[PDB]
Amino acid sequence: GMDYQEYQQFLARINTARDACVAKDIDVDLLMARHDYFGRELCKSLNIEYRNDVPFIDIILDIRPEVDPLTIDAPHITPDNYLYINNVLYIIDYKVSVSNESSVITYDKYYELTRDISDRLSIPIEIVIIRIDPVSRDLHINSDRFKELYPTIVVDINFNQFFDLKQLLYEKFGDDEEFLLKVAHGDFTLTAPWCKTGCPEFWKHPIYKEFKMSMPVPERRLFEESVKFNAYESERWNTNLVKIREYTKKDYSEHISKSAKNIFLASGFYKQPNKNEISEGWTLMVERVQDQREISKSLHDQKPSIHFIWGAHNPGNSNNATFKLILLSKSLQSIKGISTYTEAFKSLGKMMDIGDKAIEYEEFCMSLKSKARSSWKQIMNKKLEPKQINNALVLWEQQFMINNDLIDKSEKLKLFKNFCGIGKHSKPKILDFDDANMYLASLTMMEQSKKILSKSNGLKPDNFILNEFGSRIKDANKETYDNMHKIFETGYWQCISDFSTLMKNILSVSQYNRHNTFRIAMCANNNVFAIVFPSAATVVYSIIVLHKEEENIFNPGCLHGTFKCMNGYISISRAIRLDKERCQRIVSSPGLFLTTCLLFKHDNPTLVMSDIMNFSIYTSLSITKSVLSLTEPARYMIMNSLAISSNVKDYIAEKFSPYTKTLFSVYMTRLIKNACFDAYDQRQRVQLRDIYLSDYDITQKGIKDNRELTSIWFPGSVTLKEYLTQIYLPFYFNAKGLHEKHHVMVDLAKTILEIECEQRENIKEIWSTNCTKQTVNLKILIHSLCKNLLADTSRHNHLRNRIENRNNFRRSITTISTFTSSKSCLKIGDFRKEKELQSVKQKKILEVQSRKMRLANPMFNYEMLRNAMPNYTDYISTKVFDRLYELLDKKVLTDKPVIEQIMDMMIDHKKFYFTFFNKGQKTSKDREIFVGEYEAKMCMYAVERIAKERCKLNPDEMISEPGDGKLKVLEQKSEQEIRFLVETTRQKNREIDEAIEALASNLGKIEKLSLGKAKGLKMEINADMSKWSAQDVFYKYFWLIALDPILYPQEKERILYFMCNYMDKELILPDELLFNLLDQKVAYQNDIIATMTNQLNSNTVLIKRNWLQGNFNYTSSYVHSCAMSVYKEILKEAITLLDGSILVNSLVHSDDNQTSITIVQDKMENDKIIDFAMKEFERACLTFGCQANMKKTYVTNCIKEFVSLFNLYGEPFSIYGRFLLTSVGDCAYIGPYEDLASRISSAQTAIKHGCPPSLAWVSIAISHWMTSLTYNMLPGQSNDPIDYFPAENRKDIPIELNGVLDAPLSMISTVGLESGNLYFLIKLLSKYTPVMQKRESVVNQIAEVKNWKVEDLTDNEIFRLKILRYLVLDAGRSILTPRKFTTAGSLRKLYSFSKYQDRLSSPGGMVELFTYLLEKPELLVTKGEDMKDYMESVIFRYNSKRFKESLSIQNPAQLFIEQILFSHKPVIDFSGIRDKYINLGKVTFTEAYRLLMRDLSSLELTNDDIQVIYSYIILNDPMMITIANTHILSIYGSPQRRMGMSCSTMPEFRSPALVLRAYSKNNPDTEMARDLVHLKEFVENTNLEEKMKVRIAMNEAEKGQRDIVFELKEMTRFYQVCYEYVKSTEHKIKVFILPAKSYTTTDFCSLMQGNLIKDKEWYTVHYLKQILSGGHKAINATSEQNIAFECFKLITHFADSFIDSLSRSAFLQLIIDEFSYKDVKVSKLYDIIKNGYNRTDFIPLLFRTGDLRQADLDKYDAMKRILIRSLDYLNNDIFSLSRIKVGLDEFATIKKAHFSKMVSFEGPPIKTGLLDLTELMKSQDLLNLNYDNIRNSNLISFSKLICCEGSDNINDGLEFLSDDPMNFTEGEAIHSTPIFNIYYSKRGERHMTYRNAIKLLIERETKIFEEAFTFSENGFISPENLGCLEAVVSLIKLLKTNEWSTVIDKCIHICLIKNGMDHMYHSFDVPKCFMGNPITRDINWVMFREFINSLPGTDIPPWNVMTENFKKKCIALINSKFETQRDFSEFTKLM
RNA sequence: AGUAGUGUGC
Ligand SMILES: [Zn+2]
């Protein structure tokens, strides 16, 4: 990026400097260094000459020197650069800054002065100031004339390297306040106050009394003093803040020492995990569980592991519906024996008989299905009636009627009372997992499963996934394709998939399942069936299977019993009562399952594939809560047990509680138990990779991947990365929303009331010194607040200004999202009236639904609560957008500034109320959400937001960093430590290491000195705080508001009052919880809920110290940061004692914490400091009121846990798996494209977090599978659109119609779904383009499109383009989307929806809205900027029936079934499809394909229509421009192993609602005026201004009068398509893990491309031309130049690196003339360099050719006193093209380029004795700049570099190679606790030249070739063998020159030239033996043939296989020559 | 029967 020379000198100046005024100048010099750097590279980007601080009076003299500068008055300014074209002078003053505030100042200053001579000379002078952003990198130019000149400018600039120097300078001097004084943009500017008057009540409040009670009396007054302090009044802002700092400095200075001095007190005794410590924990766990749960040893109490019973399919019987129905009927009737429900199952088969009348079932059912398939809506009013067939009364296809005559009254009861459990109505029941005869039973269940499921399907291993994605999986990694087959083949896959396909059909049936009906559900298996019994939503089902022989059935613990029938055996499973939410997951279980297996097995050959799948079905299908209780606690139980410092005992003895209800759970528990002990013995089995560090980051970082560790869930060995996956991944198998709300509300309530009681009874004291639970070290707090509050205001002065802007404090409440959102909200008051009326309605609807059930199968309160509970404070649920509307209409909210309204609300609202609703997430331990009043939301907003922008300043806080941005931060901080550790070790041990190499004589004396030295120590505290919210003093936060400098006194009074009320805040127990406790039935022994509510009197309990979970994150997080800031100071004083160095780095995120400590020792042992660090860690937490959970907290020597994002020893790594398990049931079930959109987004996310392409593609397959399974769009399904459309396969069917996503992953990762459309257009620009222009930019290939011929194209090719233009372009672009008939639902709670009723009811008032909205069309798309505007927007919104539904929650489970059932019904309205073709009702999916073709065939494809596609898609979006370029200019290079992974940021490829108001009326309300100009162009170029008006203007003559509906609906479309153009998208933080650091776009592109090709090897990427094009106005000049630079940089270095010094000019001269780099002649590139204005870059090149003149030297010398003859003399002994002396010791620079580019050279061969330097250029292996790599290289690699034309003495011929020394890589151990070797590049000695390397290679490798090709006991001598050699090398020329043969020839050649036998080799033709007659050149193939067989061969590596293949090839080939398949008639003609 | 459960439900 930047120059290396200036970096080194600026780094040294930071250490050299001591005083702040010296450090000041280093910051000033760094600005100019960046200033010129931007200018140097931009001048080449614009092709102009570079200049610096050139006077304006001289700039005119270049244009017109006839008038002298004295008489003509020119403005005396100092511009940077100038240009004169088109009779206009353009003045340049480039500058790099974040804001244009510094640019407009210099703009108007220049514009004013330049006008003095602008009218004097009558030549207009334009000011062109170019500014670039130093982080986001965006170009900003003010000149409009300059915009039209340069359409696109190349800006791949690097500031990343500049900020590295800034970090160093603001580290040493950043602590000193003398340096902070010098950096200022106003010193300190405090903005306008948010309030006018203070708060008197705050000083009176009893909580403020209680605050000062505990506090000491000097502190009491200080708090008074601090609040009343105004920062704007006193001379400086830090008057008070420093004053209170200096008071507490007595106790602080002492307490910092106190903690630090404990380093000597410590011992080598810390909570370390050990086999016994784990064992002890388990035993106390057993005791706990055996009390807390009812332990059972009986095998009848178990629950099903899986809720399914699979049995082998029967191919002998027919696979057809009607047949199976009767088959199961007779089968069920035929059941023989006696049980409980035997005669019940018997009659059920009897009630589904058809027999003779099989054909009547085929018709009757098809009529009913056809009746429903006609209508969009369901068939209402008409009564469904059954038809008597044999004994059964069929109601629908596979639906029957329960006939009360066919079953006994007693036998009907048995089935429903006992078996189905309809009418059945104290510890939990669990299985003893410590019983070996229970663990046995559990193991035998697995042994049983493996015995049956391992057996193959025997059916074709070809399903949609493999059929359509197999190709794209296989090419990524062939292993995974096979792995997939291995699964699909095995009964495992058929078992799950048939349960999936069966459940889909169980749900589909269960929807219309009545109370007098039992339904039958069949699957792809013709033995497996299911019976769905009447449900009293709840699905009641049994799996009924007809397995072959007895016990050829899989029972996981689900089966009721097997039964013998009259033909075979039939088994019926226990009645399962599951919920649709659970069942859904079972349907998507195969996708979950495949991923599980593939992820585990991936690239690990030691694992048993049949054992992975054996475990996987029991996970992917496990829907019980038994499993979650294992999967979650395991993650910590393993990691704790393999960490260094960690408390396992306590975690296993308290936090671990198995709920082993099922039988898999028992087996899985013991898998975990065992895995805990294996960890302890593997702690030291972890190794640390050899770190190849050579300045600016490291490649080959992180942990060593060694397969020495042991797996957890199955047998085999595993890698660390894989071990971690096996540890953490299990938890993501867990299922969401399993927690029954009835139980959650109780346990959530109980906990809050338990911890509040704790505080009420036990915790009384607030502050303390000894450090105790819920206590803060008040003196230490106040100081550490003061110190940080200073540094978080000194580093940014406008801090109060930044808060106002970024959080919209000044603007009206109606603008901020958090307030105008559709989130849940709590309303307080009295609703006893409507709450009673809303309840009794449902209590009647209860009886309504019961009355109807009494007729068919006779099986069978809010008033009470209010009457019973006296002190019941009444509340209600509402919406956040609705509350705002309510508070405005009743006028308490206004257009007053939101903060100004907040301040008043803090003092107005005095009592705060909060309610909780459960999340019920995948975790077994349930999480609560506290949601209270809207009034509260406003208060917390300010307090939290003020802390937000404060927290952002501190780099330690990470809640500030949105998205997965933390991952890179982990890395950047880990790398800083790995570097520091090395740097510091080399700085101390250098004195000792010198003596070691000196003596190494006797080695017995060396060990004495090698012991007594410095010792490295790294450690990471992977923390997790205990009860961050509940067990935390809220009183401490009062001080943060008090001490605050950027808060006014009248604000400070008001903030603290609200917080004073947030102590007397009440928790409302929601009614649903109170209803559970309403019906007593004997109360709880010790009822905590009743205790706190006084035997249930009030529904409110007061919560004090427990500030509610998530309400004060940032606030608490700043105090956390302040706490860890102390921990730093503690250790940093402790390590100065021992005399060494320490680097502590703390990452803070509310409750999740990570703190990395790196120490270089001298005195005491490493293990002492380990215990010391942990002591002060808890101390640091507890001195601030927070307590650290030592249970979950673990410490490693590498690993970093932080928010579950993991960084290893530099190498960042997340659990790629967790995101692949999302693409299964994560969608809103809207449409085929709409579903896939989010399912592929989940796959895109995996790639970010370092996922292999092979597995990435799997998710893409699964996603498609589920997507197509939802709407019956799979191959062979109903809506299968391959026959309906013209196409070969689903790759060619548009993804809008649902097909497959045919694109490269490197595109899908970037854009996705749209990629599939983009690839179909790039395919064309690689088919329908000529030989010229195709190799050039994409832009050029788009110009040729309008010169194509339409007739050339094919049916499919035409088909895409027609939809792509007439449909896709304008309409998340979908065409097919099913519409529903859903109802609005109950919207009574809403106030705002009532005001729509009143405006709809009263006549005229409706139209009045729409007529008002037409004069303000800004309020159709965006919400109002003012009260009325926002309010009336809310009412209009209700117009949409979709927005009315949006505020109601539909179950995705129910939504899923509704898209299956409504697929054969008319759902897609064609009206909205045909409208576009023209500019009936709903249409069925099948008909939608037909009716699309009837319209499509009519449309016309032109040479223009196609050119609109290539404009609107490619040429419009600068991103799509580059993506297409990257895939056309792509040149994939060297395949390499993924050694070093690094984090990389996604690059850039680039007023809202107020602008649209200035479009409605052209007058705005200055910068916003300029924004409308480009908006005018957008609407005029597309011409959508007229197109919209014409569409309305001709509709009023179509309809008749004035339709207000069309007046708006068409006007809204016009404003919504504006929104996307006007309101710009925020470039959110996206981090991709790549094989190296991506600085700029091009770098990112190359590394991204190469990461998503193969799994085993990543590839480095090249490009012919620049890929970064900006549009279709910008059509090469800037793409050419850089090629010339690359070329000559490459050549000069290749020449001075490898070619002999003596003959380097000749080489260059030969290369320049007859050669070409990247299809451009090197001469033309040289001419481009010579005609350029940066010749100073290529001084040594120009001198060597004789194209260097004095002007260049004079310029070069002026950039950073010379003569030509001086150079001519000086460089008489320096022979290099990359370097010439331009002084006494100053050499010239050529700037080295990478050597992976030399392949892009194409010229005639240059032969040098024997070597062909062209082939050395074209070589891959022999281009490394490492001596050892080339010395220890293969002869196969070198054998390409030989021609020799009969040379001699190989030693002589190698004279044309560099006899200059090469660079070797040396490595050394670092002497850390995690001991690793650093490897770096040295310069070797002298005898390490390129020649000697080649020679040593030749010698070593030829010796091995000789002994392999002896074929006798002689050698490479003895003509008896030379004859054999001649024979073997003869055939090689008379056969076929493939690739294997030629190598042998050239190797033999080499070997014979070496031995001095190259005076005959060239005169070696076929011997006399083989040649019958010498003259008559006849060949005896038979002889030759038998000669090849008669060759013995050798088995020495590496030639053993080489020779073997050669022989076979040559034999086969020879035999081929003979074998000529002649025509049968041919010979019959000749003779 | 199942699902939930050292909080009494479906
Ligand atoms: Zn030769």
# chains A, B, ... in the order shown; residues from 1 in each chain; ligands from 1

call {"tool": "closest_atom_pairs", "arguments": {"of": "chain A", "to": "ligand 1", "cutoff": "10 Å", "atoms": "only C-alpha atoms and all ligand atoms", "output": "Markdown table"}}
result
| residue | atom | partner | partner_atom_place_in_ligand_line | distance |
| --- | --- | --- | --- | --- |
| A:1809 | CA | ligand 1 | 1 (Zn) | 9.2 |
| A:1810 | CA | ligand 1 | 1 (Zn) | 7.1 |
| A:1842 | CA | ligand 1 | 1 (Zn) | 8.1 |
| A:1843 | CA | ligand 1 | 1 (Zn) | 6.9 |
| A:1844 | CA | ligand 1 | 1 (Zn) | 4.7 |
| A:1845 | CA | ligand 1 | 1 (Zn) | 6.0 |
| A:1846 | CA | ligand 1 | 1 (Zn) | 4.2 |
| A:1847 | CA | ligand 1 | 1 (Zn) | 4.9 |
| A:1848 | CA | ligand 1 | 1 (Zn) | 6.7 |
| A:1849 | CA | ligand 1 | 1 (Zn) | 9.3 |
| A:1850 | CA | ligand 1 | 1 (Zn) | 8.8 |
| A:1946 | CA | ligand 1 | 1 (Zn) | 8.9 |
| A:1948 | CA | ligand 1 | 1 (Zn) | 9.5 |
| A:1949 | CA | ligand 1 | 1 (Zn) | 5.7 |
| A:1950 | CA | ligand 1 | 1 (Zn) | 6.9 |
| A:1951 | CA | ligand 1 | 1 (Zn) | 9.3 |
| A:1952 | CA | ligand 1 | 1 (Zn) | 7.4 |
| A:1953 | CA | ligand 1 | 1 (Zn) | 5.3 |
| A:1954 | CA | ligand 1 | 1 (Zn) | 9.0 |
| A:1956 | CA | ligand 1 | 1 (Zn) | 9.4 |
| A:1957 | CA | ligand 1 | 1 (Zn) | 8.4 |
| A:1958 | CA | ligand 1 | 1 (Zn) | 5.0 |
| A:1959 | CA | ligand 1 | 1 (Zn) | 8.0 |
| A:1960 | CA | ligand 1 | 1 (Zn) | 9.0 |
| A:1961 | CA | ligand 1 | 1 (Zn) | 6.9 |
| A:1962 | CA | ligand 1 | 1 (Zn) | 7.1 |

call {"tool": "write_last_selection", "arguments": {"atoms": "C-alpha atoms", "output": "compact mmCIF listing (two decimals), in the first residue's frame"}}
result
# COMPACT_ATOMS: atom_id res chain seq x y z
CA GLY A 1809 23.08 -23.22 -23.74
CA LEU A 1810 20.42 -25.67 -22.35
CA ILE A 1842 15.69 -27.78 -21.17
CA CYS A 1843 16.24 -27.76 -24.99
CA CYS A 1844 20.10 -27.75 -25.26
CA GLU A 1845 20.18 -28.26 -29.12
CA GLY A 1846 23.11 -30.64 -28.32
CA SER A 1847 24.89 -28.80 -25.43
CA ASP A 1848 27.65 -30.29 -23.14
CA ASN A 1849 28.79 -29.91 -19.45
CA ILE A 1850 25.50 -28.89 -17.64
CA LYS A 1946 13.85 -34.62 -20.87
CA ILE A 1948 17.06 -38.91 -19.56
CA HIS A 1949 18.39 -35.93 -21.65
CA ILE A 1950 19.45 -34.08 -18.40
CA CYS A 1951 21.06 -37.30 -16.98
CA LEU A 1952 22.99 -37.95 -20.28
CA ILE A 1953 24.16 -34.26 -20.66
CA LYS A 1954 25.42 -34.39 -17.00
CA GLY A 1956 29.10 -35.91 -20.72
CA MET A 1957 27.13 -38.24 -23.10
CA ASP A 1958 25.33 -35.40 -25.05
CA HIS A 1959 27.50 -36.21 -28.17
CA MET A 1960 25.16 -39.09 -29.25
CA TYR A 1961 21.73 -38.59 -27.49
CA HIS A 1962 20.49 -36.37 -30.43

call {"tool": "interface_residues", "arguments": {"of": "chain A", "to": "chain B", "cutoff": "7 Å", "atoms": "only C-alpha atoms (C1' of nucleotides)", "output": "list in words"}}
result
residues 292, 293, 418, 419, 420, 421, 427, 428, 574, 575, 576, 577, 578, 740, 742, 746, 1081 and 1084 of chain A

call {"tool": "write_last_selection", "arguments": {"atoms": "N, CA and C atoms", "output": "PDB file, in the first residue's frame"}}
result
ATOM      1  N   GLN A 292     -34.514 -34.176  43.746  1.00  0.00           N
ATOM      2  CA  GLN A 292     -35.298 -33.134  43.027  1.00  0.00           C
ATOM      3  C   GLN A 292     -36.245 -33.771  41.997  1.00  0.00           C
ATOM      4  N   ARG A 293     -35.955 -34.987  41.516  1.00  0.00           N
ATOM      5  CA  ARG A 293     -36.823 -35.716  40.548  1.00  0.00           C
ATOM      6  C   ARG A 293     -37.103 -37.134  41.063  1.00  0.00           C
ATOM      7  N   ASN A 418     -58.422 -44.505  27.435  1.00  0.00           N
ATOM      8  CA  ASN A 418     -57.141 -45.108  27.895  1.00  0.00           C
ATOM      9  C   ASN A 418     -56.042 -44.878  26.848  1.00  0.00           C
ATOM     10  N   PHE A 419     -56.305 -45.189  25.572  1.00  0.00           N
ATOM     11  CA  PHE A 419     -55.278 -45.194  24.494  1.00  0.00           C
ATOM     12  C   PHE A 419     -55.076 -43.780  23.937  1.00  0.00           C
ATOM     13  N   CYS A 420     -56.153 -43.076  23.570  1.00  0.00           N
ATOM     14  CA  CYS A 420     -56.100 -41.700  22.993  1.00  0.00           C
ATOM     15  C   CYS A 420     -56.015 -40.650  24.112  1.00  0.00           C
ATOM     16  N   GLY A 421     -56.546 -40.958  25.298  1.00  0.00           N
ATOM     17  CA  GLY A 421     -56.442 -40.114  26.506  1.00  0.00           C
ATOM     18  C   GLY A 421     -57.431 -38.959  26.522  1.00  0.00           C
ATOM     19  N   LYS A 427     -43.451 -35.552  41.740  1.00  0.00           N
ATOM     20  CA  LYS A 427     -42.142 -35.125  41.170  1.00  0.00           C
ATOM     21  C   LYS A 427     -42.086 -35.554  39.705  1.00  0.00           C
ATOM     22  N   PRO A 428     -41.186 -34.971  38.879  1.00  0.00           N
ATOM     23  CA  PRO A 428     -41.003 -35.421  37.498  1.00  0.00           C
ATOM     24  C   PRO A 428     -40.426 -36.843  37.406  1.00  0.00           C
ATOM     25  N   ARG A 574     -48.032 -46.514  20.063  1.00  0.00           N
ATOM     26  CA  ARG A 574     -48.755 -45.737  21.108  1.00  0.00           C
ATOM     27  C   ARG A 574     -49.250 -44.420  20.501  1.00  0.00           C
ATOM     28  N   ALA A 575     -50.432 -43.956  20.918  1.00  0.00           N
ATOM     29  CA  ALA A 575     -51.066 -42.711  20.422  1.00  0.00           C
ATOM     30  C   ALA A 575     -50.229 -41.507  20.869  1.00  0.00           C
ATOM     31  N   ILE A 576     -49.603 -40.813  19.913  1.00  0.00           N
ATOM     32  CA  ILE A 576     -48.790 -39.586  20.160  1.00  0.00           C
ATOM     33  C   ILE A 576     -49.721 -38.379  20.006  1.00  0.00           C
ATOM     34  N   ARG A 577     -49.685 -37.456  20.979  1.00  0.00           N
ATOM     35  CA  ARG A 577     -50.416 -36.157  20.973  1.00  0.00           C
ATOM     36  C   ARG A 577     -49.386 -35.024  20.894  1.00  0.00           C
ATOM     37  N   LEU A 578     -49.008 -34.652  19.668  1.00  0.00           N
ATOM     38  CA  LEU A 578     -47.991 -33.611  19.368  1.00  0.00           C
ATOM     39  C   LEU A 578     -48.712 -32.360  18.850  1.00  0.00           C
ATOM     40  N   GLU A 740     -43.751 -24.927  27.547  1.00  0.00           N
ATOM     41  CA  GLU A 740     -45.217 -24.723  27.717  1.00  0.00           C
ATOM     42  C   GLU A 740     -45.457 -23.460  28.553  1.00  0.00           C
ATOM     43  N   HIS A 742     -47.730 -22.101  30.159  1.00  0.00           N
ATOM     44  CA  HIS A 742     -48.381 -22.381  31.469  1.00  0.00           C
ATOM     45  C   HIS A 742     -47.327 -22.478  32.580  1.00  0.00           C
ATOM     46  N   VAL A 746     -44.710 -19.135  35.441  1.00  0.00           N
ATOM     47  CA  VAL A 746     -44.574 -19.493  36.886  1.00  0.00           C
ATOM     48  C   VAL A 746     -43.103 -19.372  37.297  1.00  0.00           C
ATOM     49  N   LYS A1081     -56.702 -25.651  44.191  1.00  0.00           N
ATOM     50  CA  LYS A1081     -56.495 -27.121  44.312  1.00  0.00           C
ATOM     51  C   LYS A1081     -55.272 -27.385  45.202  1.00  0.00           C
ATOM     52  N   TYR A1084     -49.146 -24.261  47.260  1.00  0.00           N
ATOM     53  CA  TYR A1084     -47.716 -24.649  47.396  1.00  0.00           C
ATOM     54  C   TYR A1084     -47.312 -24.517  48.870  1.00  0.00           C
TER      55      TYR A1084
END

call {"tool": "residues_around", "arguments": {"residues": "stretch 1932-1943 of chain A", "least_positions_apart": "3", "cutoff": "9 Å", "atoms": "only C-alpha atoms (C1' of nucleotides)", "output": "compact mmCIF listing (two decimals) with N, CA and C atoms, in the first residue's frame"}}
result
# COMPACT_ATOMS: atom_id res chain seq x y z
N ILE A 1836 10.97 -33.36 -11.95
CA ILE A 1836 9.77 -33.24 -12.83
C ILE A 1836 9.48 -31.76 -13.07
N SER A 1839 12.59 -30.32 -15.26
CA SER A 1839 12.69 -31.04 -16.57
C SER A 1839 11.99 -30.26 -17.69
N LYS A 1840 11.18 -29.24 -17.35
CA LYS A 1840 10.48 -28.36 -18.32
C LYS A 1840 11.45 -27.32 -18.90
N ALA A 1927 16.34 -47.44 -26.95
CA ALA A 1927 15.08 -48.14 -27.26
C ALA A 1927 13.92 -47.45 -26.53
N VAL A 1928 14.08 -47.21 -25.23
CA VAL A 1928 13.03 -46.60 -24.35
C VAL A 1928 12.75 -45.16 -24.81
N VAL A 1929 13.76 -44.42 -25.28
CA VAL A 1929 13.60 -42.99 -25.68
C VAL A 1929 13.18 -42.90 -27.16
N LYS A 1946 13.10 -35.81 -21.34
CA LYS A 1946 13.85 -34.62 -20.87
C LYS A 1946 14.74 -35.00 -19.67
N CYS A 1947 14.22 -35.79 -18.73
CA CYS A 1947 14.99 -36.31 -17.56
C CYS A 1947 16.21 -37.11 -18.04
N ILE A 1948 15.98 -38.11 -18.91
CA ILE A 1948 17.06 -38.91 -19.56
C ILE A 1948 18.06 -37.93 -20.17
N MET A 2002 5.06 -43.55 -11.90
CA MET A 2002 5.39 -42.75 -13.12
C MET A 2002 5.73 -43.71 -14.27
N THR A 2003 6.73 -44.58 -14.07
CA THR A 2003 7.21 -45.56 -15.08
C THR A 2003 6.08 -46.55 -15.40
N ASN A 2005 2.73 -46.28 -15.17
CA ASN A 2005 1.69 -45.64 -16.03
C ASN A 2005 2.25 -45.48 -17.45
N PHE A 2006 3.46 -44.93 -17.58
CA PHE A 2006 4.20 -44.76 -18.86
C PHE A 2006 4.12 -46.06 -19.69
N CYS A 2010 2.04 -46.55 -23.13
CA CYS A 2010 2.79 -46.81 -24.39
C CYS A 2010 2.34 -48.14 -25.00
N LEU A 2013 -1.36 -47.84 -26.21
CA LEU A 2013 -1.28 -46.93 -27.39
C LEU A 2013 -0.74 -47.71 -28.59
N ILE A 2014 0.43 -48.35 -28.46
CA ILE A 2014 1.03 -49.19 -29.55
C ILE A 2014 -0.05 -50.15 -30.06
N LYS A 2017 -2.67 -48.58 -32.42
CA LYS A 2017 -2.20 -48.31 -33.82
C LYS A 2017 -2.68 -49.43 -34.74

call {"tool": "select_by_dssp", "arguments": {"residues": "stretch 252-500 of chain A", "states": "helix (DSSP H, G or I)", "output": "PyMOL selection string"}}
result
chain A and resi 252-260+262-265+275-292+321-333+342-350+355-374+409-420+436-453+464-474+478-489+491-500

call {"tool": "closest_residue", "arguments": {"among": "A:333, A:58, A:1820, A:824", "to": "residue A:934", "atoms": "only C-alpha atoms"}}
result
A:824

call {"tool": "select_by_dssp", "arguments": {"residues": "stretch 1601-1687 of chain A", "states": "strand (DSSP E or B)", "output": "list in words"}}
result
residues 1631, 1632, 1633, 1634, 1658, 1659, 1660, 1661, 1662 and 1663 of chain A
